[PDB]
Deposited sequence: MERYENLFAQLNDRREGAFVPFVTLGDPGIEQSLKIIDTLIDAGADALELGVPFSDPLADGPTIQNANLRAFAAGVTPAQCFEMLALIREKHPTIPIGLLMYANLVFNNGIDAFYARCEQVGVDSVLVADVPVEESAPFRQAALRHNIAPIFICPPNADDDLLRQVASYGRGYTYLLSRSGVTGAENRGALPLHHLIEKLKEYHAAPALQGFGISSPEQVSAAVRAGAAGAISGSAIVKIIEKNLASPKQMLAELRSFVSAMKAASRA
């Protein structure tokens, strides 16, 4: 499928930035998670980045650490996550769905088999948080053989050799984290860049798009809202909707 490419094409023709939220699958439970996700989409999410709960999330700060706790506390397993993903795609045919994974969960039952399952349920991309480009070969190979975009992080400490590698190896979009980076990425024909650097307000989205990025990823601010409204599932959704709408508004200009 060409979900990312189609999205970017539509956004480029509407002179529009992407806004992409992250949430943890099954936080704070499976049913509520499904409803959370439907609220994100209904409120203007251009794409999703979805985490699978893992015992040892090395790249995550406390916000998402606690999201994982909440999910485990509900007994959420990877197989249950794949069930959810299938249900999500069945409801929403065009929205790009990316996973944020830890390597062991991809490697566990075989790398090829993991990516094959992603393709079966209609996932579009996989970012493996603890696999640098240096170790990425078997992951990006399996991803591409199963029509999944392998997503790479371009960090703020990147160099030119890294920029060429990310540009060459990545698909769907480049996960950013400046104009040196954005222009070199384009020069190197990298997948369109999404800024993901602590983006938690509408201006950030605007500022990202202006710098020449294709959009912005809100890797944490969403789970904060989940976190603050646990006792009030109803209000949770309202705040989620409110936030996403604002963020999405900022991308039309």
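Colleague: Which ranges of the deposited chain go unmodelled, in order along the sequence?
Modeller: Hole in the chain trace, numbered from 1: 178-192.
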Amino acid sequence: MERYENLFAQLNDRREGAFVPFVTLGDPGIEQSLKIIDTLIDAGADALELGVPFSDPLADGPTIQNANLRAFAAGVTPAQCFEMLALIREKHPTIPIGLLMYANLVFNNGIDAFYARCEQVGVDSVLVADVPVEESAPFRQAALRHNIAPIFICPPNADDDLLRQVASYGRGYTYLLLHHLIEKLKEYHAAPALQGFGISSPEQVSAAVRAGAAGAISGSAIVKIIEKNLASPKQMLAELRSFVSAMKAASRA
From here on, numbers count along this sequence of modelled residues.
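Heads up, when I say rigid core I mean the largest set of C-alphas that superpose within 1.5 Å between the two forms.
Colleague: Could you tell me which of the two stretches, 78-86 or 149-157, has its Cα atoms lying farther from the shown structure in 8 other deposited structures of this protein after fitting on the rigid core?
Modeller: Once the core is superposed, the stretch further away in 8 other deposited structures of this protein is 149-157.
Colleague: Of the stretches 34-42 and 189-197, which sits farther from where it is here in 8 other deposited structures of this protein, on average over its Cα atoms, after fitting the core?
Modeller: Checking 34-42 against 189-197 in 8 other deposited structures of this protein, I find the farther stretch is 189-197.
Colleague: Do the CA atoms of 36-44 or those of 199-207 have the higher mean B-factor in the entry?
Modeller: Higher of the two, by average CA B-factor, is 199-207.
Colleague: On average, are the C-alpha B-factors higher in 118-126 or in 148-156?
Modeller: Result of the comparison: 148-156.
Colleague: Checking the record values for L50, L58, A191, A216, which has the greatest CA B factor?
Modeller: Checking the PDB record, the top C-alpha B-factor among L50, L58, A191, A216 is at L58.
Colleague: Just grab whichever of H180, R89, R171, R140 has the top CA B-factor as deposited.
Modeller: When the deposited C-alpha B-factors of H180, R89, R171, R140 are compared, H180 is largest.
Colleague: State the tercile, meaning the lowest, middle or highest third, of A74 with respect to the CA B-factors recorded for its chain.
Modeller: As the PDB entry reports it, the C-alpha B-factor of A74 lands in the highest third of its chain.
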